[PDB]
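Next up: a single chain in structure tokens, the form solved without the ligand.
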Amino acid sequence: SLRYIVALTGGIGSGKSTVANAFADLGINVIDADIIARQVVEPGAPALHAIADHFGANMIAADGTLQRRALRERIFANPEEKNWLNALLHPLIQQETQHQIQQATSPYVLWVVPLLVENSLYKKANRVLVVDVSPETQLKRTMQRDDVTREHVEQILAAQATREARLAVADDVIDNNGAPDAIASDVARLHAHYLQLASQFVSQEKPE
């Protein structure tokens, strides 16, 4: 069956995790792009064999686990490797993402993609939801949460797509720079619409 996909995105410290949990409490399966990226290098995964062939047998421990720290340290001191690794992992992530989408039984799925705008992944979503906050909120909330400096987070903000680039592709926007508890009511409203969209998308004769 064709699953209805709502993609969630937002910059660092905007509320991706918080919003995702709100949808999960309503019974929606969350498919998280960062979890998928870790899944494709889990013990026994096909990517591990290719990684051992390219980087050396010792990239994989005796117990079949990827030596994460060891890979990170190799790729960081060999820039093009990041690109080699991403190319290897890309198709595998696409397949695992679809498999999980296929495996989810909720009325629609929430696909959480930090790099949605950067990687133009909104082209694979039926609906785009952006959790939005002010840049200052991103700074204060990320600093607190990760115990890092303001300047450190300012660099992440300048590396990520901008606030406006995200709003340009959004179908819906949830504001999180206010009270944490206005989240439940806004998510319920969006969920109600998403149930309708998902229930009629397959037969919907004309657009919206």
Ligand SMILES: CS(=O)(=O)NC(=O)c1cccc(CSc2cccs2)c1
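Numbers for residues come from their place in the sequence shown, where the first is 1. Residues that one form lacks are left out of the comparison. By rigid core we mean the largest C-alpha set that fits within 1.5 Å across both forms.
Peer 1: Mean CA B-factor: is it higher for 172-180 or for 33-41?
Peer 2: Higher mean C-alpha B-factor in the PDB entry: 172-180.
Peer 1: Determine, for stretches 143-151 and 42-50, which one has the higher mean CA B-factor as deposited.
Peer 2: Comparing 143-151 with 42-50, the higher average CA B-factor belongs to 143-151.
Peer 1: Choose from 97, 78, 126, 138 the residue with the greatest Cα B-factor as stated in the PDB record.
Peer 2: Each of 97, 78, 126, 138 was compared by C-alpha B-factor; the highest is 78.
Peer 1: Please pick out which of 92, 116, 130, 85 has the largest Cα B-factor as recorded in the entry.
Peer 2: In the PDB entry, the greatest C-alpha B-factor among 92, 116, 130, 85 is found at 85.
Peer 1: Looking at the entry's B-factor column for C-alpha atoms only, identify whether residue 162 ranks in the lowest, middle or highest third of its chain.
Peer 2: For residue 162, the deposited C-alpha B-factor lands in the lowest third.
Peer 1: Considering every modelled residue of the chain and its Cα B-factor in the PDB entry, is residue 70 in the lowest, middle or highest third?
Peer 2: Top third by C-alpha B-factor.
Peer 1: Mind checking which third residue 59 falls in for C-alpha B-factor across the chain?
Peer 2: It belongs to the middle third of the chain when residues are ordered by C-alpha B-factor.
Peer 1: Looking at the entry's B-factor column for C-alpha atoms only, identify whether residue 28 ranks in the lowest, middle or highest third of its chain.
Peer 2: Its C-alpha B-factor, which the entry lists for residue 28, ranks in the lowest third among residues of this chain.
Missing here is the form deposited with the ligand bound; even so, the following discussion is about that form.
Peer 1: Given that the ligand is not shown alongside this chain, does residue 78 nevertheless sit within 4.5 Å of it in the entry with it bound, heavy atom to heavy atom?
Peer 2: Residue 78: no contact with the ligand in the entry with it bound.
Peer 1: May I ask you to state whether residue 124 is within 4.5 Å of the ligand in the entry with it bound, using heavy atom distances?
Peer 2: Residue 124: contacts the ligand in the entry with it bound.
Peer 1: Is residue 72 part of the interface with the ligand in the entry with it bound - any heavy atom within 4.5 Å?
Peer 2: Heavy-atom contact with the ligand at 4.5 Å: absent for residue 72.
Peer 1: Taking heavy atoms only, is residue 83 within 4.5 angstroms of the ligand in the entry with it bound?
Peer 2: Residue 83: no contact with the ligand in the entry with it bound.
Peer 1: Would you kindly say which of 37, 60, 161, 173 lies with a heavy atom within 4.5 Å of the ligand in the entry with it bound?
Peer 2: By the 4.5 Å criterion, the partner-contacting residue is 37.
Peer 1: Do all of 6, 108 and 128 end up near the ligand in the entry with it bound, with near meaning a heavy atom within 4.5 Å?
Peer 2: The answer is no; none of 6, 108 and 128 reaches the ligand.
Peer 1: Against the rigid core, a Cα displacement of 2 Å or more between this form and the one not shown applies to just one of 120, 83, 134, 105. Which?
Peer 2: Meeting the 2 Å or more criterion is only 83.
Peer 1: Verify the C-alpha shift of residue 158 between this form and the one not shown: is it 2 Å or more after superposing the core?
Peer 2: After core superposition, the displacement of the residue 158 C-alpha between this form and the one not shown stays below 2 Å, so no.
Peer 1: Note yes or no: does the Cα of residue 27 move by 2 Å or more between this form and the one not shown after the core is superposed?
Peer 2: False for residue 27: its C-alpha shift is below 2 Å.
Peer 1: Superpose the two forms on their rigid core, then report whether the C-alpha of residue 174 is displaced by 2 angstroms or more between this form and the one not shown.
Peer 2: Result for residue 174: no, shift under 2 Å.
Peer 1: Would you mind telling me if residue 115 and residue 72 are closer or farther apart in the entry with it bound than in the shown form, C-alpha to C-alpha, with a 3 Å or larger change?
Peer 2: Relative to this form, closer in the entry with it bound.
Peer 1: So the C-alpha spacing of residue 80 and residue 157 changes by 3 Å or more in the entry with it bound; is that change toward closer or farther than shown?
Peer 2: Relative to the displayed form, residue 80 and residue 157 move farther apart in the entry with it bound - a change of at least 3 Å between their C-alphas.
Peer 1: Taking only residues present in both forms and a 2 angstroms threshold on CA movement, what segments of three or more in a row shift between this form and the one not shown once the core is aligned?
Peer 2: Runs 38-53, 55-87 stand out as displaced between this form and the one not shown - each at least 3 residues long.
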